[PDB]
Ligand code: CLA
Ligand code: CLA
Ligand code: CLA
Ligand code: CLA
Ligand SMILES: CC1=C(/C=C/C(C)=C/C=C/C(C)=C\C=C\C=C(C)\C=C\C=C(C)\C=C\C2=C(C)CCCC2(C)C)C(C)(C)CCC1
Ligand SMILES: CC1=C(C/C=C(\C)CCC[C@H](C)CCC[C@H](C)CCCC(C)C)C(=O)c2ccccc2C1=O
Ligand code: SF4
Ligand code: SF4
Ligand code: SF4
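Residue numbers (PDB author numbering), protein chains in the order written: chain BA, 9 to 750; chain BC, 2 to 81; chain BF, 68 to 221; chain BL, 61 to 219; chain BI, 3 to 35; chain BH, 51 to 145; chain BD, 62 to 204.
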């Protein structure tokens with residue numbers, strides 16, 4: 009059934025098409041009559057569904073494009089590991105990681121920018137990075153710079169291999185459509201073979217290399233004194249001196265006597281109190297169990313043999329009573345459309361990035377991550393933003409499916425039809441609950457603000473005036489703190505210490521994630537988060553559902569996914585397109601993730617992070633001013649924005665001065681974006697035609713006719729400059745704030 | 002409602018009306034062009050103002066021309 | 068001594084800026100050994116700062132009460148190094164850019180599809196023109212006299 | 061049972077369990093908003109009584125003087141004020157929507173297809189009777205909620 | 003009484019004059035001749 | 051005919067076609083007791099003239115509002131209690 | 062006086078499980094634009110109110126919401142399925158106004174029998190300025 013259907017030499021390797029730009033499209037492969045052409049050359053560059061009509065060439069194009077992306081990421085990791093090897097203080101950071109700033113970038117002394125090379129620590133002048141690569145490397149048992157250079161060279165090798173792979177799998181031997189459509193084998197392999205064997209091999213590294221090395225690094229051993237990792241593979245006596253279960257080898261394994269493996273495959277949940285990260289002993293067992301699970305999960309789908317679930321046979325089996333035929337047809341609209349799959353995988357990968365952000369602060373998995381408050385904050389914020397962007401792109405590509413790849417005649421689905429038929433009910437109830445949440449989450453902030461301004465602090469919604477305690481979250485918190493016991497024995501402690509009954513993991517002078525107390529401010533801000541998420545889903549789901557038709561435009565699909573409008577008629581029908589809906593959902597994702605990372609930064613700096621002296625008195629970075637000031641907007645303006653932006657603006661003449669520079673610059677780029685979002689094309693075309701008169705007066709009339717940006721392009725430029733500016737403002741503000749007071 | 006007007010520069014290419022989604026326009030015979038036809042706008046009451054007609058008029062500036070005017074329930078394109 | 072500004076060679080606050088920056092860079096210098104790369108780079112930046120301040124002193128820059136060089140643009144012969152000589156240095160390059168670009172657009176104007184030469188820049192043509200803007204202040208003047216600079220409406 | 065409204069698929073609604081069911085349709089059909097046959101005055105009385113209690117609820121315990129001794133009295137006073145305003149806006153609604161003597165704009169048909177009598181609530185005098193009932197019932201429900209908060213304070217929650 | 007006149011006029015103006023004005027203007031909007 | 055097999059355009063019965071239906075408008079008779087109904091009728095017929103109802107509502111509500119705000123003391127609203135505190139001297143003396 | 066209206070009878074409607082983009086109260090007090098078409102086979106088409114409908118073999122009938130809905134549907138029909146269509150306008154009083162060809166021919170073929178209106182016998186720049194028609198009902202373009 010499944011096979012390796014692949015055809016040779018379909019496309020010629022030649023620069024002939026490089027010389028002819030815009031070759032991929034018909035209207036673009038004839039010349040730039042205008043300047044918009046170049047914007048259409050980049051816009052449609054990766055719109056392979058519009059270049060061709062057959063799915064075979066599209067699948068080959070995106071396959072080799074994924075290979076290019078993997079080449080890029082291998083080259084990026086090459087850069088990171090190399091810069092760690094040569095331009096870093098990692099060899100010194102291992103000695104005193106609680107006081108040396110992790111730095112992996114040095115600037116060139118030319119124009120005074122050598123101030124950026126600051127006193128990170130370790131006898132090294134550079135930039136205090138906030139990526140957490142140093143923490144990984146301590147978790148990977150690197151203990152050198154040679155290993156990092158070798159890793160960089162190997163990553164460069166794999167980058168070149170992936171580049172050759174894309175070239176081979178497009179130009180030399182490109183797979184045909186029967187190969188991609190065999191999703192059964194693809195899932196069987198990516199579950200068991202990528203995620204199963206990948207987690208298994210990382211468990212092997214974690215058992216053989218990370219665990220024995222971190223058993224010494226945490227035990228006051230200098231990295232120069234540690235035995236090399238391969239010495240544990242060659243000499244098992246040195247490995248057994250700390251974990252004697254290796255003296256028996258795999259006889260405990262194959263005889264199912266796993267009870268004599270707990271020296272290195274543990275379940276003692278919680279954070280290693282010597283470094284603040286999770287127990288690597290638990291992470292080895294984790295990735296091992298995940299290997300078992302993905303290995304049994306990747307033998308689920310029939311590929312060639314009589315066993316396995318045909319995914320058609322799973323989907324067609326589910327047919328609801330008043331839900332109609334049910335999931336029949338979905339295997340044909342997911343295997344004959346890349347955009348549907350792209351949307352699904354984007355949505356899940358984005359929510360997974362967010363879950364990563366959430367589980368990487370509350371269960372610090374790397375050593376000296378929780379105490380590197382810059383790394384923790386930056387990683388949470390990063391992955392939150394990536395998740396929001398991926399979800400918003402999932403919306404865009406659901407819409408693109410609905411416009412292009414949706415065919416109720418051939419590739420019919422029942423549930424999608426049922427969703428389209430009461431789409432007004434969906435959007436009406438979402439448009440209601442967004443207003444309800446908006447009111448009962450932000451009008452509460454307004455109420456607190458007014459009551460505090462009228463001198464009525466006894467009337468706010470605070471932890472002192474009117475109790476809005478998260479009773480449900482408090483119950484989950486208290487039962488997860490008292491989870492070690494009847495419900496989860498053999499764990500020795502809670503799976504995390506972000507719950508009230510937990511304890512404080514004092515690492516050096518720092519505090520590293522004691523319990524998080526949930527009060528009225530957490531209720532208010534969590535409902536603000538639900539609000540912003542619900543409005544984003546309103547906008548995006550509305551764009552997806554009404555991508556094809558509305559009461560306003562019933563032929564919206566014929567106009568396309570990415571179109572500005574259908575004229576000033578009907579009172580005006582700007583931004584009816586799903587592209588414009590996702591362009592608005594970008595702003596709302598921005599507001600959502602911005603208030604999310606603000607909640608994170610403030611709740612952490614006030615209720616979690618800080619410094620605990622040897623007497624035991626923990627003093628937080630702000631001073632616990634979240635539950636009292638995060639109930640009103642003036643606190644976010646005063647105690648969070650105004651106050652914590654006293655280290656990014658005062659950082660002029662310091663090592664953190666590029667942060668204030670990009671603070672002002674990202675401010676600027678955001679505001680500059682407002683020139684695009686607010687304005688319209690017609691003014692700029694008329695202005696351009698005036699200055700084109702000024703040029704034609706001097707025989708400087710360019711043949712590529714100067715055209716103002718297309719409307720959808722003005723909206724794209726506006727949203728990208730707006731997001732870049734707000735996000736770089738926040739990035740600079742967070743990084744300078746959290747590196748300065750640290 | 003809206004006031005659609007067709008000027009004498011029309012070449013009679015029938016794109017104004019083949020693009021018009023509300024049957025506002027219709028081609029009539031004429032003697033001013035090689036195609037011997039010109040567009041007319043009888044059903045301006047059904048005109049929403051989307052200007053798909055004049056986004057498809059291939060002339061110096063335009064021949065068909067939509068003027069936004071008194072908006073009624075059908076020019077505003079309301080199903081309610 | 069104009070505009071109430073003292074020169075920087077005889078300013079107090081300018082020397083104070085010098086001393087303050089040097090003490091700032093020396094405070095960041097007592098954390099490394101005096102022979103390693105960070106201390107060597109810090110000493111190089113220190114000499115850079117000291118020579119910078121002394122060069123701003125010896126050029127006759129005018130340092131105000133805040134102790135920073137205030138450039139004079141009015142046209143004083145002593146302060147043509149502030150604006151007028153670099154202004155001519157600018158305008159010479161800027162007109163070079165404009166003139167080679169204009170002569171390039173005029174060169175491709177007699178092409179079948181000129182726009183493809185604005186995308187795919189004809190590097191031989193431009194390179195033969197790229198030095199033709201060296202003489203722009205005279206070629207442009209003649210094109211203005213001959214009538215070839217400004218186009219005619221028809 | 062999500063088949064369309066009256067089996068008519070091109071009308072913008074559906075007979076889902078929430079809209080058209082033996083329990084929820086019965087409940088929405090035997091309450092004073094949809095008693096098209098009885099005169100609108102009793103309907104408005106019932107409506108106003110219910111909403112007067114519902115408004116006195118979140119004025120005594122939630123308000124500017126909830127913790128004071130003037131909580132119940134002044135909260136009921138604010139609820140009566142909101143009730144007067146609601147009758148006010150109902151009144152301008154009845155004046156603006158239908159003038160003096162036109163027939164009812166309500167549907168004269170039902171789901172079963174019977175040419176039923178039109179709902180005289182939607183007329184001018186009918187809506188006026190409904191507003192009068194709403195005002196009377198609402199002030200009465202406000203004062204009765206005040207009475208129950210006065211004489212029967214102990215079973216209800218104070219907090 | 004001069005200290006009691008704001009207490010009469012502010013609740014008068016800022017609540018009744020909106021009642022009168024917005025009501026009469028909604029009636030003027032929803033009118034037909 | 052509206053009841054034919056998938057026919058929803060009875061041109062005579064345009065109510066069934068356009069969707070004119072009392073979806074829950076039960077025509078069932080008065081479920082109330084007659085005596086309390088007559089009681090409410092006689093005691094709410096004053097509120098039968100919508101114009102007189104509106105005039106009464108606006109004027110009496112404004113009167114009651116002015117009465118409450120004028121007769122209420124500072125115990126129920128701090129704005130009428132007054133300062134009951136010495137005034138702070140502003141910046142730069144008082145200016 | 063060459064093409065009479067068709068006066069749509071009680072034809073069957075397409076098979077459709079019902080949606081929310083259908084007829085609201087606009088039909089109950091204003092027109093609602095019935096469309097009629099004639100299918101060769103029982104095939105499936107996208108409805109302009111969202112969702113998929115199954116047209117019946119033979120004549121069909123759909124009362125959707127407004128003119129643009131039925132004309133978008135009919136254009137999709139004529140282009141994708143190659144099928145003759147005609148749609149109407151059904152006021153609540155009872156009258157049924159015939160509208161789409163109004164000549165038996167679609168409004169692209171310049172068939173004689175239609176009078177030209179909205180027709181300014183001039184180039185578009187030769188319209189008078191507004192000051193020339195100030196304080197007059199004619200705005201700029203009706204002379
Ligand atoms: C280097 C050798 C080489 C050569 C000569 C060609 C030649 C060709 N390829 Mg192939 N290709 C190659 C390598 C090569 N390819 C590799 C390594 C891959 C895997 C990624 C592919 C994948 C591939 C696909 C999937 C497709 C082609 C196509 C084409 C044709 C048109 C390409 C074009 O004009 O765009 C030229 C484009 C560029 C020069 C730039 C592309 C971007 C590169 C890959 C990465 C950019 C990295 C950069 C750092 C990121 C930006 C960030 C920056 C701002 C810092 C042409 C026959 C197309 C074709 O034939 O379809 C009709 C097509 O669909 N190629
Ligand atoms: C713009 C894209 C982008 C960028 C620049 C980064 C950048 C970073 N990430 Mg993030 N990340 C992203 C997207 C991105 N991430 C997304 C979309 C995901 C969701 C899968 C993650 C999940 C993720 C995790 C879980 C972690 C990072 C970490 C890091 C940092 C170290 C880089 C590294 O490779 O360490 C080495 C990488 C790892 C140790 C990650 C292990 C592999 C993960 C758990 C799963 C394997 C991927 C799988 C095959 C594909 C998905 C399967 C599908 C079923 C979902 C760096 C700040 C690490 C960090 O902060 O360390 C301090 C870290 O722990 N990221
Ligand atoms: C798995 C991830 C993924 C994949 C494979 C795709 C793939 C695609 N997307 Mg989707 N998309 C994604 C994520 C993804 N996108 C995300 C995360 C979002 C949310 C914003 C979107 C939102 C989105 C929209 C709204 C649209 C697409 C479109 C497209 C298609 C064409 C895009 C193109 O040619 O632009 C080629 C590349 C460019 C034009 C460059 C973009 C320039 C960016 C914005 C630069 C600035 C960002 C940078 C990080 C900041 C540094 C600035 C510095 C350089 C100074 C293609 C099928 C389009 C489509 O299908 O059209 C029909 C379309 O309309 N996508
Ligand atoms: C602070 C600026 C701001 C505010 C207040 C709003 C407010 C709103 N937006 Mg908008 N929006 C904004 C900026 C803003 N937006 C920007 C910059 C963009 C660009 C992308 C958008 C894009 C946008 C879209 C695309 C969508 C919204 C939606 C919404 C609504 C969700 C909240 C709601 O109704 O709950 C209640 C109202 C609030 C929370 C607003 C604050 C009001 C306070 C609490 C009380 C007001 C006083 C009270 C009534 C007394 C009146 C006194 C009398 C004298 C008048 C609401 C209309 C969504 C929507 O309409 O569906 C729900 C939606 O889909 N907005
Ligand atoms: C001395 C000085 C000053 C003043 C000055 C002035 C006041 C001047 C003026 C001037 C003027 C009043 C001028 C005018 C001009 C005009 C014109 C009209 C021109 C034209 C030109 C052209 C046309 C050119 C062109 C070109 C070139 C040559 C370059 C490049 C290319 C091109 C083509 C662009 C001050 C004290 C401040 C400072 C110091 C210096
Ligand atoms: C400013 C603006 C424009 C005009 C923006 C223009 C066209 C961008 C300016 C030109 C760019 C920068 C290209 C010029 C640079 C070229 C690559 C040429 C190189 C020349 C040297 C710099 C090398 C719009 O078209 C628009 C449309 C809809 C809503 C808002 C707006 C809007 O706000
Ligand atoms: S303003 Fe722009 S987007 Fe809106 S209708 Fe006009 S052209 Fe279209
Ligand atoms: S689009 Fe313009 S030129 Fe073509 S037929 Fe219509 S009016 Fe004439
Ligand atoms: S504006 Fe739209 S509806 Fe009016 S004539 Fe032009 S295309 Fe037809």
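Where a beta carbon is used, it is the ideal one built from N, C-alpha and C, also for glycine.
Determine the extent of the alpha helix (DSSP H) in which residue i is found, giving its start and end residues.
{"i": "residue 730/BA", "result": "719-748"}
{"i": "residue 39/BA", "result": "Looking at the DSSP string, residue 39/BA is not in any alpha helix (DSSP H), and its letter there is neither H nor E."}
{"i": "residue 588/BA", "result": "586-611"}
For residue i, collect the residues of the same chain with a Cβ closer than 6 Å to its Cβ; drop the 5 residues on either side in sequence, then sort them by chain order.
{"i": "residue 532/BA", "result": "452"}
Sorted by chain position, which residues of the same chain lie with C-beta nearer than 8 Å to residue i's C-beta, five sequence neighbours on each side aside?
{"i": "residue 679/BA", "result": "733"}
{"i": "residue 665/BA", "result": "123, 124, 659"}
{"i": "residue 25/BD", "result": "No answer is possible for residue 25/BD: it lies beyond the span of chain BD, which begins at 62 and ends at 204."}
{"i": "residue 693/BA", "result": "715, 716"}
Which residue comes first and which comes last in the beta strand (DSSP E) that contains residue i?
{"i": "residue 31/BA", "result": "Per DSSP, residue 31/BA belongs to no beta strand (DSSP E) and is neither H nor E."}
{"i": "residue 627/BA", "result": "626-628"}
{"i": "residue 459/BA", "result": "Not the beta strand (DSSP E): residue 459/BA falls in the alpha helix (DSSP H), residues 452-461."}
{"i": "residue 24/BI", "result": "Element bounds for residue 24/BI: not the beta strand (DSSP E) but the alpha helix (DSSP H), 19-31."}
Could you have a look at residue i and say whether DSSP puts it in helix, strand or coil?
{"i": "residue 98/BD", "result": "strand"}
{"i": "residue 89/BA", "result": "helix"}
{"i": "residue 633/BA", "result": "coil"}
{"i": "residue 28/BC", "result": "strand"}
{"i": "residue 1/BC", "result": "Residue coverage of chain BC in this structure runs from 2 to 81, which leaves residue 1/BC outside it and unanswerable."}
For residue i, which residues of its own chain have a beta-carbon under 7 Å away from its beta-carbon, when the five flanking residues on both sides are left out?
{"i": "residue 124/BH", "result": "130, 131, 132"}
Specify whether the region 570-588 of chain BA and the region 497-509 of chain BA touch according to this definition: at least 3 beta carbon pairs, one from each stretch, less than 8 Å apart. no
Chain-ordered residues, beta carbon under 6 Å from a heavy atom of ligand 6: 683/BA, 684/BA, 687/BA, 688/BA, 689/BA, 692/BA, 716/BA, 717/BA, 719/BA, 722/BA
Is the region 708-728 of chain BA in contact with the region 7-22 of chain BC, if contact means three or more CB pairs nearer than 8 Å? no
Okay, do the region 86-102 of chain BA and the region 148-165 of chain BA touch, 3+ Cβ pairs below 8 Å being the bar? yes
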